[PDB]
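K.L.:
Pasting a structure below so you can have a look.
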Amino acid sequence: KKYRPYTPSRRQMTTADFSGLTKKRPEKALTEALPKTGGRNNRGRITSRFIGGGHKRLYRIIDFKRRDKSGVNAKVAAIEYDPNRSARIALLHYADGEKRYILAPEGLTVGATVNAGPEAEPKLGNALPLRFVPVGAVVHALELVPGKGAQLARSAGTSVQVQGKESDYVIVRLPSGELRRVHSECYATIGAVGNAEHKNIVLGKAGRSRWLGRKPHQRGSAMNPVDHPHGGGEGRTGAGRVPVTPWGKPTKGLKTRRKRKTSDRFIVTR
Amino acid sequence: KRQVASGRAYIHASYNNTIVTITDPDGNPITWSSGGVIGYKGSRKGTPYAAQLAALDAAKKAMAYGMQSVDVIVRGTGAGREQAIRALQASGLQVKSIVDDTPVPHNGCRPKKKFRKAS
Amino acid sequence: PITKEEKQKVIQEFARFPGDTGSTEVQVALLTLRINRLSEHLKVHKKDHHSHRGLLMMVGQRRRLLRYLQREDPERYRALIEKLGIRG
Amino acid sequence: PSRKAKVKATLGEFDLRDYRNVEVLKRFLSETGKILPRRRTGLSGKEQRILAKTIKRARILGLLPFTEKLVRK
Amino acid sequence: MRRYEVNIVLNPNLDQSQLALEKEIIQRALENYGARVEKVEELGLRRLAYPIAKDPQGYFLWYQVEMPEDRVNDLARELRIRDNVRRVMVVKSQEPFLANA
RNA sequence: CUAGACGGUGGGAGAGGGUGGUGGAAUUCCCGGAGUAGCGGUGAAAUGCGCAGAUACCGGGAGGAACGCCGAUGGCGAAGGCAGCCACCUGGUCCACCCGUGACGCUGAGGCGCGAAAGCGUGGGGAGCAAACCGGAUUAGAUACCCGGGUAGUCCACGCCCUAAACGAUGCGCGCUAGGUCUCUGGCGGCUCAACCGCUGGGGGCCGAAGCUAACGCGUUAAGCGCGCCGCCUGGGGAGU
């Protein structure tokens with residue numbers, strides 16, 4: 001009884017609890033193609049990760065933003081949800097050669113303009129150098145790759161405030177990693193998310209997604225004397241700050257040193 | 001390494017204690033001195049005697065690098081700058097301004113439980 | 001400007017005799033007519049209580065002239081009802 | 001009781017809004033940053049009600065800081 | 001549209017060249033902006049008060065016009081956004097008040 | 001028919017409201033810097049931070065929330081409640097010039113709105129401080145008052161209760177009965193006094209014959225004189241069972 005819009009959150013019905021999905025869409029026929037791709041689940045003569053890993057693969061396809069531009073004039077109209085994650089994915093337009101999925105701020109009916117050109121339009125735009133951040137509203141297209149540029153693919157967050165301008169030239173915050181001023185020299189598409197919260201919005205029950213895309217997990221403690229200690233008591237656990245094969249359940253920190261994060265401090269989470 | 005002679009001193013003051021600052025013509029300090037150095041803080045500190053023996057320690061590491069002329073300004077409200085006054089010319093120094101001010105939040109924050117209402 | 005500028009048209013158009021300074025044609029109409037830019041105070045200012053009740057004094061007049069036009073001359077009654085409807 | 005020098009509105013070539021030829025905002029103003037209450041205000045209070053923001057602009061506009069300096073508080 | 005009053009300030013460090021260029025962008029907003037223009041005077045250069053932008057000095061200007069309400073929420077942002085302009089104040093002028101005069 | 005109610009012109013007043021950028025003395029701290037032995041805090045002390053550089057001092061930085069001075073008998077305000085620049089929108093308010101509609105109205109268990117701080121939930125959020133919990137310490141005893149930390153919390157959206165030494169403890173409205181002391185505010189302008197003055201209206205502390213209580217005292221904003229109607233009280237406890 002709050003956000004936009006229709007969340008199948010059935011307040012206890014019949015084998016379909018408080019769901020939560022979709023929105024509006026013009027409904028597109030079906031995607032024209034899907035370069036390269038391949039698949040999922042497992043790899044390298046083995047398998048890896050025993051959590052999730054359903055049926056439906058691919059669909060996502062690349063989304064190379066702006067590698068060139070120099071003068072384009074686009075338009076935008078339709079749109080289409082598709083990648084592995086519920087996040088929509090826009091629909092772009094133009095008429096030159098390729099398509100390249102493009103990003104999508106908030107939803108639109110029948111209009112727009114677009115230019116993708118350094119100094120162009122207040123509204124929706126694309127390609128342009130980086131110093132262009134007076135206010136720095138919703139981004140939803142950030143990226144780290146000089147010639148390239150893409151990154152994110154999720155309807156979660158996608159909104160960063162840009163810092164000032166001092167030595168070492170560092171600015172812009174990031175989704176959820178507090179205070180970590182990153183070095184920067186690229187671009188994005190600056191636009192909203194469309195159904196922000198809509199990314200981890202609850203489902204009814206279990207058995208219509210976890211198989212149907214991903215896989216059935218909520219486990220722990222193998223109770224396996226061999227490499228899995230957790231398991232061998234009257235029904236308690238006693239001591240043992242162990243997770244699995246003594247992997248340290250607690251923080252224990254991790255990656256540091258590194259290229260970057262050598263002048264990109266402050267990354268602590270609460 | 002200065003030997004400028006004509007320097008200043010970011011004097012200060014506070015209730016419980018007080019701490020004097022001695023810097024150069026533009027800001028960079030030096031060291032520090034006080035009266036509550038040796039055993040004098042619990043109940044002892046309840047008197048300006050602290051601000052008293054404050055120069056009788058500073059001169060040790062201050063009036064050594066040629067400094068007999070210091071600016072003088074009042075900062076903060078101390079338990080007893082009165083004694084600190086004795087550290088005036090009585091110690092072979094110098095004075096400058098009679099300026100006496102102290103910062104205070106014009107409700108800029110949340111002080112203690114009580115801080116408003118009249119009558 | 002808010003005085004009677006807009007009301008100027010309500011003189012040779014929606015009014016009584018030449019110079020109607022206070023008839024139904026130019027009475028409660030101004031109220032509903034004001035709603036056009038009145039509900040405009042709802043984009044934000046939704047907390048501006050010092051203006052929201054400023055309309056509470058017209059809640060009556062808006063539907064006060066009833067037992068006088070329907071219960072007699074239907075003219076001043078359905079004068080322009082079919083242009084605003086009743087009970088929303 | 002008792003007050004200070006005779007202060008009010010002798011001249012009038014000025015204006016409580018024009019900046020190109022600001023005068024009273026400096027001369028008749030407090031030797032401190034304290035927004036004139038009524039006494040030392042010189043004028044009274046009516047030409048101060050809105051005056052407050054008329055000069056406060058200077059603050060955000062860098063034209064003025066916060067307050068000045070004094071003695072004996 | 002009605003009578004207004006705006007004042008813009010930015011980076012004076014640049015010579016008169018790159019310091020009075022934004023004016024051009026305003027010119028396009030004087031004729032090519034629905035209505036037209038009004039009057040204009042220039043404060044020239046009046047020191048602020050306390051240091052800002054790490055410098056107690058600067059250069060100033062000022063204007064006064066009339067413009068489309070819609071383009072307003074973008075007219076002043078147009079230049080305030082960049083690291084240049086940092087303070088702006090649009091005010092519908094029409095009948096302010098005078099110190100008994 | 002216009003005294004009431006109602007809308008017009010022309011002006012004015014402020015902490016009325018929703019939204020957006022933020023102005024800076026702020027104070028906890030991240031870091032470098034100068035670089036000594038204590039800081040802190042009680043009426044006497046301490047968990048803590050000390051030999052890792054503590055206390056403090058210059059700068060670069062993260063931020064959240066608050067808005068001194070004006071501030072006083074002040075204003076807004078049905079009231080709750082509200083004292084930084086500007087803007088989109090907006091509420092209630094003021095006299096003169098009457099413009100006209102022409103009784104068109106004041107109240108009213110029931111509802112709709114408000115819904116003092118805090119308290120519920122979803123997501124966010126975190127500097128300062130704070131219920132639980134926890135320390136040095138009072139004293140015989142101390143889950144009080146000192147100090148030292150910190151979670152929900154004090155914070156943005158939205159959905160709840162409907163409450164308090166919520167008070168002019170006195171329900172809205174009209175007419176009326178000596179005035180004065182003083183204040184924020186609009187207007188007409190008297191030998192045009194160039195620092196003035198009268199007259200008139202809105203809000204607000206005070207004094208009194210008189211009327212009223214059993215007073216204190218209300219005292220021009222009436223508890224003095226009535227009225228158009230809803231409310232409650234009817235010996236206390238137990239009782240908001």
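A note on labels: chains of the structure tokens are A, B, ... as shown, every chain counts residues from 1, and ligands are counted from 1 in their shown order.
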Find the nearest atom pair between each residue of stretch 5-124 of chain F and stretch 41-62 of chain B for residues within 8 Å, count only C-alpha atoms (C1' of nucleotides), give distances in Å to one decimal, sort rows by chain and ascending number, and present the table as a Markdown table.
P.N.:
```
| residue | atom | partner | partner_atom | distance |
| --- | --- | --- | --- | --- |
| F:41 | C1' | B:42 | CA | 7.9 |
| F:42 | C1' | B:43 | CA | 7.3 |
| F:43 | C1' | B:43 | CA | 7.9 |
| F:44 | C1' | B:43 | CA | 6.4 |
| F:45 | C1' | B:42 | CA | 7.3 |
```
K.L.:
Check chain D with DSSP on the backbone and list each residue it calls helix (DSSP H, G or I), as a PyMOL selection string.
P.N.:
chain D and resi 46-49+51-60
K.L.:
Can you spit out the residues from that selection as an mmCIF file, in the first residue's frame, using C-alpha atoms?
P.N.:
```cif
data_model
loop_
_atom_site.group_PDB
_atom_site.id
_atom_site.type_symbol
_atom_site.label_atom_id
_atom_site.label_comp_id
_atom_site.auth_asym_id
_atom_site.auth_seq_id
_atom_site.Cartn_x
_atom_site.Cartn_y
_atom_site.Cartn_z
ATOM 1 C CA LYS D 46 9.714 48.652 11.078
ATOM 2 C CA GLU D 47 12.539 49.491 8.656
ATOM 3 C CA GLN D 48 14.321 46.470 10.137
ATOM 4 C CA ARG D 49 11.715 43.722 9.816
ATOM 5 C CA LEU D 51 15.885 44.913 6.415
ATOM 6 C CA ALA D 52 17.310 41.834 8.141
ATOM 7 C CA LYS D 53 17.283 39.845 4.900
ATOM 8 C CA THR D 54 18.093 42.891 2.784
ATOM 9 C CA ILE D 55 21.550 42.922 4.368
ATOM 10 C CA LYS D 56 21.747 39.226 5.243
ATOM 11 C CA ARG D 57 22.126 38.712 1.493
ATOM 12 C CA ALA D 58 25.674 39.982 1.961
ATOM 13 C CA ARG D 59 26.400 36.951 4.138
ATOM 14 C CA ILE D 60 25.577 34.234 1.605
#
```
K.L.:
For a quick check of understanding, using only C-alpha atoms, which of E:32, E:57, E:16, E:64 has the smallest distance to chain D?
P.N.:
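Ranked by minimum distance to chain D, first place goes to E:57.
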K.L.:
Would you list the contacts of residue A:75 as a ChimeraX atom specification, taking every protein, DNA or RNA residue within 8 Å and counting only C-alpha atoms (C1' of nucleotides), but skipping same-chain residues closer than 5 positions in sequence?
P.N.:
/A:92-94,111-114
K.L.:
Do me a favour and pick out the residues of chain E within 12 Å of chain C, using only C-alpha atoms, as a ChimeraX atom specification.
P.N.:
/E:1-2,94
K.L.:
What's the 12 Å shell around residue D:40, counting only C-alpha atoms (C1' of nucleotides), without same-chain residues fewer than 4 positions away, as a PyMOL selection string?
P.N.:
(chain D and resi 2-8+28-32+34-36+44-45+48) or (chain F and resi 70)
K.L.:
Between D:42, D:12, D:1, D:62, which is the closest to chain F once you count only C-alpha atoms (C1' of nucleotides)?
P.N.:
D:62
